[PDB]
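Visitor: So that you have it, the file is entry_17.csv, and it contains CSV, N, CA and C atoms and all ligand atoms:
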chain,number,residue,atom,x,y,z
A,1,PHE,N,-13.0,-2.7,-9.8
A,1,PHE,CA,-14.4,-2.1,-9.7
A,1,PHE,C,-14.8,-1.4,-8.4
A,2,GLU,N,-14.7,-2.0,-7.2
A,2,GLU,CA,-15.1,-1.4,-5.9
A,2,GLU,C,-14.3,-0.2,-5.4
A,3,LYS,N,-14.8,1.0,-5.3
A,3,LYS,CA,-14.1,2.2,-4.9
A,3,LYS,C,-14.4,2.6,-3.5
A,4,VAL,N,-13.4,2.5,-2.7
A,4,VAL,CA,-13.5,2.8,-1.2
A,4,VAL,C,-12.7,4.1,-0.9
A,5,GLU,N,-13.4,5.0,-0.2
A,5,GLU,CA,-12.8,6.2,0.4
A,5,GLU,C,-12.3,5.8,1.8
A,6,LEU,N,-10.9,5.8,1.9
A,6,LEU,CA,-10.3,5.3,3.1
A,6,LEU,C,-10.1,6.3,4.2
A,7,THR,N,-10.0,7.6,3.8
A,7,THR,CA,-10.0,8.7,4.7
A,7,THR,C,-11.3,9.6,4.5
A,8,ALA,N,-11.8,10.2,5.5
A,8,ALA,CA,-12.9,11.2,5.4
A,8,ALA,C,-12.3,12.3,4.5
A,9,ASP,N,-11.0,12.5,4.6
A,9,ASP,CA,-10.3,13.6,3.9
A,9,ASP,C,-10.3,13.3,2.4
A,10,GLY,N,-10.6,12.0,2.0
A,10,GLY,CA,-10.5,11.6,0.6
A,10,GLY,C,-9.1,11.3,0.2
A,11,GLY,N,-8.1,11.5,1.1
A,11,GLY,CA,-6.7,11.4,0.8
A,11,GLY,C,-6.2,10.1,0.2
A,12,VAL,N,-6.8,9.0,0.8
A,12,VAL,CA,-6.5,7.6,0.3
A,12,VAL,C,-7.8,7.1,-0.3
A,13,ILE,N,-7.7,6.7,-1.6
A,13,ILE,CA,-8.8,6.2,-2.3
A,13,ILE,C,-8.4,4.9,-3.0
A,14,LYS,N,-9.0,3.8,-2.5
A,14,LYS,CA,-8.7,2.4,-2.9
A,14,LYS,C,-9.7,1.8,-3.9
A,15,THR,N,-9.2,1.2,-4.9
A,15,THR,CA,-10.1,0.5,-5.9
A,15,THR,C,-9.7,-1.0,-5.8
A,16,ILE,N,-10.7,-1.9,-5.4
A,16,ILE,CA,-10.3,-3.3,-5.4
A,16,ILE,C,-10.3,-3.9,-6.8
A,17,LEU,N,-9.2,-4.6,-7.1
A,17,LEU,CA,-9.1,-5.3,-8.3
A,17,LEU,C,-9.4,-6.8,-8.2
A,18,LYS,N,-9.0,-7.4,-7.1
A,18,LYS,CA,-9.2,-8.8,-6.8
A,18,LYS,C,-9.6,-8.9,-5.4
A,19,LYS,N,-10.8,-9.3,-5.1
A,19,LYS,CA,-11.3,-9.6,-3.7
A,19,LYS,C,-10.3,-10.5,-3.0
A,20,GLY,N,-10.0,-10.2,-1.8
A,20,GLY,CA,-9.1,-11.1,-1.0
A,20,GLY,C,-9.8,-12.4,-0.6
A,21,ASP,N,-9.0,-13.3,0.0
A,21,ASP,CA,-9.5,-14.5,0.6
A,21,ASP,C,-10.5,-14.2,1.7
A,22,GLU,N,-11.7,-14.8,1.6
A,22,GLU,CA,-12.8,-14.5,2.6
A,22,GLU,C,-12.5,-15.2,3.9
A,23,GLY,N,-13.1,-14.8,5.0
A,23,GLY,CA,-12.9,-15.3,6.4
A,23,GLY,C,-12.2,-14.3,7.3
A,24,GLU,N,-11.9,-14.7,8.5
A,24,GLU,CA,-11.3,-13.8,9.5
A,24,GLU,C,-9.8,-13.9,9.6
A,25,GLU,N,-9.3,-15.1,9.7
A,25,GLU,CA,-7.8,-15.4,9.8
A,25,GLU,C,-7.1,-14.9,8.5
A,26,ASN,N,-7.8,-14.3,7.6
A,26,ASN,CA,-7.3,-13.8,6.4
A,26,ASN,C,-7.1,-12.2,6.3
A,27,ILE,N,-7.7,-11.5,7.3
A,27,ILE,CA,-7.6,-10.1,7.3
A,27,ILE,C,-6.6,-9.6,8.4
A,28,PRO,N,-5.5,-9.0,8.0
A,28,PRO,CA,-4.3,-8.7,8.9
A,28,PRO,C,-4.7,-7.6,9.9
A,29,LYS,N,-4.0,-7.7,11.1
A,29,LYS,CA,-4.3,-6.9,12.3
A,29,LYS,C,-3.1,-6.0,12.6
A,30,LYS,N,-3.4,-4.9,13.3
A,30,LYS,CA,-2.3,-3.9,13.7
A,30,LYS,C,-1.1,-4.6,14.3
A,31,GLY,N,0.1,-4.1,13.9
A,31,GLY,CA,1.3,-4.6,14.4
A,31,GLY,C,1.9,-5.8,13.8
A,32,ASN,N,1.1,-6.5,12.9
A,32,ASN,CA,1.5,-7.7,12.2
A,32,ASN,C,2.5,-7.4,11.1
A,33,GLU,N,3.5,-8.3,11.0
A,33,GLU,CA,4.4,-8.2,9.9
A,33,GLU,C,3.6,-8.6,8.6
A,34,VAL,N,3.4,-7.5,7.8
A,34,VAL,CA,2.8,-7.6,6.5
A,34,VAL,C,3.8,-7.8,5.5
A,35,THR,N,3.4,-8.6,4.5
A,35,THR,CA,4.3,-8.7,3.3
A,35,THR,C,3.4,-8.4,2.1
A,36,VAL,N,3.9,-7.4,1.3
A,36,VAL,CA,3.2,-6.9,0.1
A,36,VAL,C,4.1,-6.9,-1.1
A,37,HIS,N,3.5,-7.0,-2.3
A,37,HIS,CA,4.1,-6.6,-3.5
A,37,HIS,C,3.4,-5.4,-4.0
A,38,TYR,N,4.2,-4.5,-4.7
A,38,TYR,CA,3.6,-3.2,-5.1
A,38,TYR,C,4.2,-2.6,-6.3
A,39,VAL,N,3.5,-1.7,-7.0
A,39,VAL,CA,4.0,-0.8,-8.0
A,39,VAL,C,3.7,0.6,-7.7
A,40,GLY,N,4.7,1.5,-7.7
A,40,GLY,CA,4.4,2.9,-7.4
A,40,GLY,C,4.7,3.7,-8.6
A,41,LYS,N,3.7,4.4,-9.1
A,41,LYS,CA,3.8,5.4,-10.2
A,41,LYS,C,3.4,6.8,-9.6
A,42,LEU,N,3.9,7.8,-10.3
A,42,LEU,CA,3.4,9.2,-10.1
A,42,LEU,C,2.2,9.5,-10.9
A,43,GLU,N,1.1,10.0,-10.3
A,43,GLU,CA,-0.1,10.3,-11.1
A,43,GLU,C,0.2,11.3,-12.2
A,44,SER,N,1.0,12.3,-12.0
A,44,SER,CA,1.3,13.3,-13.0
A,44,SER,C,1.8,12.6,-14.3
A,45,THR,N,2.9,11.8,-14.2
A,45,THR,CA,3.5,11.3,-15.4
A,45,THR,C,3.3,9.8,-15.7
A,46,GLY,N,2.6,9.1,-14.8
A,46,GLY,CA,2.4,7.7,-14.9
A,46,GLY,C,3.7,6.9,-14.9
A,47,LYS,N,4.8,7.5,-14.6
A,47,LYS,CA,6.2,6.9,-14.5
A,47,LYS,C,6.3,6.1,-13.3
A,48,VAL,N,6.8,4.8,-13.5
A,48,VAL,CA,7.1,4.0,-12.3
A,48,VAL,C,8.3,4.5,-11.6
A,49,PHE,N,8.2,4.7,-10.3
A,49,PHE,CA,9.3,5.0,-9.5
A,49,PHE,C,9.8,3.8,-8.7
A,50,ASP,N,9.0,2.8,-8.5
A,50,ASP,CA,9.4,1.7,-7.7
A,50,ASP,C,8.5,0.5,-8.0
A,51,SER,N,9.1,-0.7,-8.1
A,51,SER,CA,8.4,-1.9,-8.3
A,51,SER,C,9.0,-3.0,-7.5
A,52,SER,N,8.3,-3.6,-6.6
A,52,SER,CA,8.8,-4.7,-5.9
A,52,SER,C,8.7,-6.0,-6.7
A,53,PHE,N,7.8,-6.0,-7.6
A,53,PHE,CA,7.6,-7.1,-8.7
A,53,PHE,C,8.9,-7.1,-9.5
A,54,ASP,N,9.4,-6.0,-10.0
A,54,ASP,CA,10.5,-5.9,-10.9
A,54,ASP,C,11.8,-6.3,-10.2
A,55,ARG,N,11.9,-6.1,-8.9
A,55,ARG,CA,13.1,-6.4,-8.1
A,55,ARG,C,12.9,-7.8,-7.6
A,56,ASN,N,11.7,-8.4,-7.6
A,56,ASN,CA,11.4,-9.7,-7.1
A,56,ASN,C,11.8,-9.9,-5.6
A,57,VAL,N,11.5,-8.8,-4.9
A,57,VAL,CA,11.7,-8.8,-3.4
A,57,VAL,C,10.4,-8.1,-2.8
A,58,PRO,N,9.5,-9.0,-2.2
A,58,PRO,CA,8.3,-8.5,-1.6
A,58,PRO,C,8.7,-7.6,-0.4
A,59,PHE,N,7.9,-6.6,-0.1
A,59,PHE,CA,8.2,-5.7,1.0
A,59,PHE,C,7.5,-6.1,2.3
A,60,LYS,N,8.3,-6.3,3.3
A,60,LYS,CA,7.7,-6.6,4.6
A,60,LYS,C,7.7,-5.4,5.5
A,61,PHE,N,6.6,-5.2,6.3
A,61,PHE,CA,6.7,-4.2,7.3
A,61,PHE,C,5.6,-4.5,8.4
A,62,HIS,N,5.8,-3.8,9.5
A,62,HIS,CA,4.9,-3.9,10.7
A,62,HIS,C,3.8,-2.8,10.5
A,63,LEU,N,2.5,-3.3,10.4
A,63,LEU,CA,1.3,-2.5,10.1
A,63,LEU,C,1.0,-1.4,11.1
A,64,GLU,N,0.8,-0.2,10.6
A,64,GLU,CA,0.3,0.9,11.4
A,64,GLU,C,1.3,1.4,12.4
A,65,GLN,N,2.4,0.8,12.5
A,65,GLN,CA,3.5,1.2,13.4
A,65,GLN,C,4.5,2.3,12.9
A,66,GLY,N,4.0,3.0,11.9
A,66,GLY,CA,4.8,4.2,11.4
A,66,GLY,C,6.1,3.9,10.6
A,67,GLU,N,6.2,2.8,10.0
A,67,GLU,CA,7.4,2.4,9.2
A,67,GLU,C,7.4,2.9,7.8
A,68,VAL,N,6.3,2.9,7.2
A,68,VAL,CA,6.1,3.3,5.8
A,68,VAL,C,5.3,4.6,5.7
A,69,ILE,N,4.8,4.9,4.5
A,69,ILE,CA,4.0,6.1,4.3
A,69,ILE,C,2.6,5.9,4.8
A,70,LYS,N,2.0,7.0,5.3
A,70,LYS,CA,0.7,6.9,6.0
A,70,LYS,C,-0.4,6.3,5.1
A,71,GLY,N,-0.5,6.7,3.9
A,71,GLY,CA,-1.3,6.1,2.8
A,71,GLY,C,-1.2,4.6,2.8
A,72,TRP,N,0.0,4.0,2.9
A,72,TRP,CA,0.3,2.6,3.0
A,72,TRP,C,-0.3,1.9,4.2
A,73,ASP,N,-0.1,2.5,5.4
A,73,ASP,CA,-0.7,2.0,6.7
A,73,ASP,C,-2.2,1.9,6.6
A,74,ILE,N,-2.8,3.1,6.2
A,74,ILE,CA,-4.2,3.1,6.1
A,74,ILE,C,-4.7,2.0,5.1
A,75,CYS,N,-4.2,2.2,3.8
A,75,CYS,CA,-4.5,1.2,2.8
A,75,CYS,C,-4.4,-0.3,3.2
A,76,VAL,N,-3.3,-0.6,3.8
A,76,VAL,CA,-3.0,-2.1,4.1
A,76,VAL,C,-3.9,-2.6,5.2
A,77,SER,N,-4.2,-1.7,6.2
A,77,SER,CA,-5.0,-2.1,7.3
A,77,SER,C,-6.5,-2.3,6.9
A,78,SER,N,-6.8,-2.4,5.6
A,78,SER,CA,-8.1,-2.4,5.1
A,78,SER,C,-8.2,-3.5,4.0
A,79,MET,N,-7.2,-4.4,4.0
A,79,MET,CA,-7.2,-5.4,3.0
A,79,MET,C,-7.3,-6.9,3.5
A,80,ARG,N,-7.6,-7.8,2.6
A,80,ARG,CA,-7.6,-9.2,2.9
A,80,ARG,C,-6.4,-9.8,2.2
A,81,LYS,N,-5.8,-10.9,2.8
A,81,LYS,CA,-4.8,-11.7,2.1
A,81,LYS,C,-5.2,-12.0,0.7
A,82,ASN,N,-4.3,-11.8,-0.2
A,82,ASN,CA,-4.5,-12.0,-1.7
A,82,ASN,C,-5.4,-11.0,-2.4
A,83,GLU,N,-5.7,-9.9,-1.7
A,83,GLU,CA,-6.3,-8.7,-2.3
A,83,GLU,C,-5.3,-8.0,-3.2
A,84,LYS,N,-5.8,-7.5,-4.3
A,84,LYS,CA,-5.0,-6.6,-5.1
A,84,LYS,C,-5.8,-5.3,-5.2
A,85,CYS,N,-5.2,-4.2,-4.9
A,85,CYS,CA,-5.9,-2.9,-5.0
A,85,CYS,C,-5.1,-1.9,-5.7
A,86,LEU,N,-5.8,-0.8,-6.1
A,86,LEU,CA,-5.2,0.4,-6.6
A,86,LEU,C,-5.4,1.4,-5.5
A,87,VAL,N,-4.3,2.1,-5.1
A,87,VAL,CA,-4.6,3.1,-4.1
A,87,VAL,C,-4.0,4.4,-4.6
A,88,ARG,N,-4.9,5.4,-4.7
A,88,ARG,CA,-4.5,6.8,-5.0
A,88,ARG,C,-4.1,7.5,-3.6
A,89,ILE,N,-2.9,7.8,-3.4
A,89,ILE,CA,-2.5,8.4,-2.2
A,89,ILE,C,-2.0,9.8,-2.4
A,90,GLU,N,-2.7,10.7,-1.8
A,90,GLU,CA,-2.4,12.1,-1.9
A,90,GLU,C,-1.2,12.5,-1.1
A,91,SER,N,-0.4,13.4,-1.7
A,91,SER,CA,0.9,13.9,-1.1
A,91,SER,C,1.0,14.0,0.4
A,92,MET,N,-0.1,14.5,1.1
A,92,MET,CA,-0.1,14.5,2.5
A,92,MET,C,0.1,13.2,3.2
A,93,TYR,N,-0.5,12.1,2.6
A,93,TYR,CA,-0.3,10.7,3.1
A,93,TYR,C,0.9,10.1,2.5
A,94,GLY,N,1.6,10.8,1.6
A,94,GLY,CA,2.7,10.3,0.9
A,94,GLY,C,3.9,11.0,1.5
A,95,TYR,N,4.6,11.7,0.6
A,95,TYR,CA,5.9,12.4,0.9
A,95,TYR,C,5.8,13.9,1.2
A,96,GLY,N,4.6,14.4,1.0
A,96,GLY,CA,4.4,15.8,1.4
A,96,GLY,C,5.1,16.8,0.5
A,97,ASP,N,5.3,18.0,1.1
A,97,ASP,CA,5.8,19.1,0.4
A,97,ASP,C,7.3,18.9,0.0
A,98,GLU,N,8.0,18.1,0.8
A,98,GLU,CA,9.4,17.8,0.5
A,98,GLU,C,9.6,16.8,-0.7
A,99,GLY,N,8.7,15.8,-0.8
A,99,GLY,CA,8.9,14.7,-1.7
A,99,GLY,C,10.0,13.8,-1.2
A,100,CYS,N,10.6,13.0,-2.1
A,100,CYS,CA,11.6,12.1,-1.7
A,100,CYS,C,12.6,11.9,-2.9
A,101,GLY,N,13.6,12.7,-2.8
A,101,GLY,CA,14.7,12.7,-3.8
A,101,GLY,C,14.3,12.9,-5.2
A,102,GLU,N,15.0,12.3,-6.2
A,102,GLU,CA,14.7,12.6,-7.6
A,102,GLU,C,13.4,12.0,-8.1
A,103,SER,N,13.2,10.7,-7.9
A,103,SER,CA,12.0,10.0,-8.4
A,103,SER,C,10.7,10.8,-8.1
A,104,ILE,N,10.6,11.4,-6.9
A,104,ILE,CA,9.3,12.0,-6.4
A,104,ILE,C,9.3,13.5,-6.0
A,105,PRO,N,8.8,14.3,-6.9
A,105,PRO,CA,8.8,15.8,-6.6
A,105,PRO,C,7.9,16.1,-5.4
A,106,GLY,N,8.2,17.3,-4.8
A,106,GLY,CA,7.3,17.7,-3.7
A,106,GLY,C,5.8,17.7,-4.2
A,107,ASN,N,4.9,17.6,-3.3
A,107,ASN,CA,3.5,17.5,-3.7
A,107,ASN,C,3.2,16.6,-4.9
A,108,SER,N,3.3,15.3,-4.7
A,108,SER,CA,3.1,14.3,-5.8
A,108,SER,C,2.0,13.4,-5.4
A,109,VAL,N,1.0,13.2,-6.2
A,109,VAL,CA,0.0,12.2,-6.0
A,109,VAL,C,0.6,10.8,-6.3
A,110,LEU,N,0.5,9.9,-5.4
A,110,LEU,CA,1.0,8.6,-5.6
A,110,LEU,C,0.0,7.5,-6.0
A,111,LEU,N,0.3,6.7,-7.0
A,111,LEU,CA,-0.6,5.6,-7.4
A,111,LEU,C,0.1,4.3,-7.2
A,112,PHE,N,-0.4,3.5,-6.2
A,112,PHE,CA,0.2,2.2,-6.1
A,112,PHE,C,-0.8,1.2,-6.5
A,113,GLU,N,-0.2,0.1,-7.1
A,113,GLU,CA,-0.9,-1.2,-7.0
A,113,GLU,C,-0.3,-1.9,-5.8
A,114,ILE,N,-1.1,-2.5,-5.0
A,114,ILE,CA,-0.6,-3.2,-3.8
A,114,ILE,C,-1.3,-4.6,-3.7
A,115,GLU,N,-0.5,-5.6,-3.7
A,115,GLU,CA,-1.0,-7.0,-3.4
A,115,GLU,C,-0.6,-7.4,-2.0
A,116,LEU,N,-1.5,-7.9,-1.2
A,116,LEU,CA,-1.2,-8.4,0.1
A,116,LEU,C,-1.0,-9.9,0.1
A,117,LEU,N,0.3,-10.2,0.2
A,117,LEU,CA,0.7,-11.6,0.0
A,117,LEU,C,0.4,-12.5,1.3
A,118,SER,N,0.8,-12.0,2.4
A,118,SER,CA,0.7,-12.8,3.7
A,118,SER,C,0.9,-11.9,4.9
A,119,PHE,N,0.9,-12.5,6.1
A,119,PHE,CA,1.2,-11.7,7.3
A,119,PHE,C,1.5,-12.7,8.5
A,120,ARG,N,2.5,-12.4,9.2
A,120,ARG,CA,2.8,-13.1,10.5
A,120,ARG,C,2.4,-12.2,11.6
A,121,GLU,N,2.4,-12.8,12.9
A,121,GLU,CA,2.0,-12.0,14.1
A,121,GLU,C,3.2,-11.6,14.8
A,122,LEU,N,4.0,-10.7,14.2
A,122,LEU,CA,5.4,-10.4,14.6
A,122,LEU,C,5.6,-8.9,15.1
A,123,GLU,N,5.9,-8.7,16.3
A,123,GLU,CA,6.4,-7.5,16.9
A,123,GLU,C,5.6,-6.2,16.7
A,201,LIG,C1,12.8,5.1,1.0
A,201,LIG,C2,11.5,4.5,0.9
A,201,LIG,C3,11.1,3.7,2.1
A,201,LIG,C4,12.0,3.7,3.2
A,201,LIG,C5,11.6,3.0,4.4
A,201,LIG,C6,10.4,2.4,4.5
A,201,LIG,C7,9.5,2.5,3.4
A,201,LIG,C8,9.8,3.1,2.2
A,201,LIG,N1,8.9,3.2,1.2
A,201,LIG,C9,7.6,3.4,1.3
A,201,LIG,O1,7.0,3.5,2.4
A,201,LIG,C10,6.7,3.4,0.1
A,201,LIG,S1,7.4,2.7,-1.3
A,201,LIG,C11,8.6,3.8,-2.0
A,201,LIG,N2,8.7,5.1,-1.6
A,201,LIG,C12,9.8,5.5,-2.4
A,201,LIG,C13,10.4,6.8,-2.5
A,201,LIG,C14,11.5,6.9,-3.3
A,201,LIG,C15,11.9,5.8,-4.1
A,201,LIG,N3,11.3,4.6,-4.0
A,201,LIG,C16,10.2,4.5,-3.1
A,201,LIG,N4,9.5,3.4,-2.9
If you convert what's in this file into C-alpha cells, what do you get?
Guide:
Amino acid sequence: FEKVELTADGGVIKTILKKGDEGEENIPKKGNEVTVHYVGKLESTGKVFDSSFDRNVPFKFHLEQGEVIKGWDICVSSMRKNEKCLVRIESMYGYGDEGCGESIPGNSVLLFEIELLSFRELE
C-alpha cells in the first residue's frame, strides 16, 4: 500500500508490503552488515533474473558502502527489520547503459522485492 519516493529523481520508488518491526534498535544504520532476501525481475518482461529465496541463501552486505547497486543502498537504508517492500529501481540506480550480462539488457528498469531479515554492526 504505502508508496515512497526515495529519490527526488524518482529513480527509486518503494512500496511497503509489510511494515517492519517498530522501535529504534530495529532500523539499520550506515555501514552495518545487512542481510536481505530478494527477488529481482525486469520490468519489461516480468522475468525473474535472480532470487535469493529460490537459492535459499540470504544476501549479506555492508550498507551504503558501495557494494551493491545504488537503488539497493538507497532502498535498504530506509527499511525496518522484517519490512517487505517492492522497489522499482531505474537503470541509472541499477546497471545503467551497460546492463549486466545476459539476464539484464542495457537500460533496464529493475523490480525487486526485498525483505530485510536482520543486521549486525560489522565493518
Ligand atoms: C553480480 C551481481 C552482484 C555482485 C556483487 C554485489 C552485488 C550484486 N548484485 C546486486 O547488487 C543486486 S542483485 C543482482 N544483480 C544481478 C545481475 C545479474 C544477475 N543477477 C543479479 N542479481
Visitor: Neighbouring residues of ligand LIG 201 (chain A) are defined here as those with any atom at most 7 Å from a ligand atom, counting all atoms listed in the file; list them as number ranges by chain.
Guide: A: 40, 49-51, 67-70, 72, 100-101, 103-104
Visitor: What is the distance between atom CA of residue 75 of chain A and atom N of residue 44 of chain A, in Å to one decimal?
Guide: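 It comes out at 19.3 Å.
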Visitor: If you run DSSP on the backbone here, which positions in chain A get strand (DSSP E)? Please write them as a count of residues only.
Guide: 46
Visitor: Name the closest residue to residue 35 of chain A among the candidates A:87, A:52, A:3, A:66; distances are taken between atoms, counting only C-alpha atoms.
Guide: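 Of the candidates, the smallest distance to residue 35 of chain A is held by A:52.
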Visitor: Quote the spacing between atom CA of residue 28 of chain A and atom C of residue 95 of chain A in Å to one decimal place.
Guide: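 A separation of 25.9 Å between them.
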Visitor: Applying 7 Å and all atoms listed in the file, which residues near segment 7-22 of chain A remain after dropping the ones on its own chain fewer than 4 positions away? List them as an NGL selection string.
Guide: :A and (1-3 or 26-27 or 71 or 75 or 79-91 or 93)
Visitor: Find the residue from A:65, A:121, A:99, A:36 that sits nearest to residue 53 of chain A; use all atoms listed in the file when measuring.
Guide: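 Residue with the minimum atom-to-atom distance to residue 53 of chain A: A:36.
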Visitor: Can you work out the spacing between atom CA of residue 30 of chain A and atom CA of residue 63 of chain A in Å, to one decimal?
Guide: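 These two atoms are separated by 5.3 Å.
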Visitor: Pick out the residues sitting within 6 Å of residue 37 of chain A, and hand them over as a count of residues only; count only C-alpha atoms, and ignore anything fewer than 2 positions along from it in its own chain.
Guide: 4
Visitor: Going by DSSP on the backbone, which bits of segment 31-122 of chain A are helix (DSSP H, G or I)? Write them as a list in words, please.
Guide: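 Checking each residue of segment 31-122 of chain A, the helix (DSSP H, G or I) ones are residues 52, 53, 54, 55, 70, 71, 72, 73, 74, 75, 76, 91, 92 and 93 of chain A.
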Visitor: For residue 118 of chain A, which of A:34, A:102, A:94, A:54 is the closest residue, counting all atoms listed in the file?
Guide: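 Looking at the shortest contact to residue 118 of chain A, the residue is A:34.
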Visitor: Can you work out which one of A:78, A:29, A:107, A:46 has the shortest atom-to-atom distance to residue 62 of chain A, counting only N, CA and C atoms?
Guide: A:29
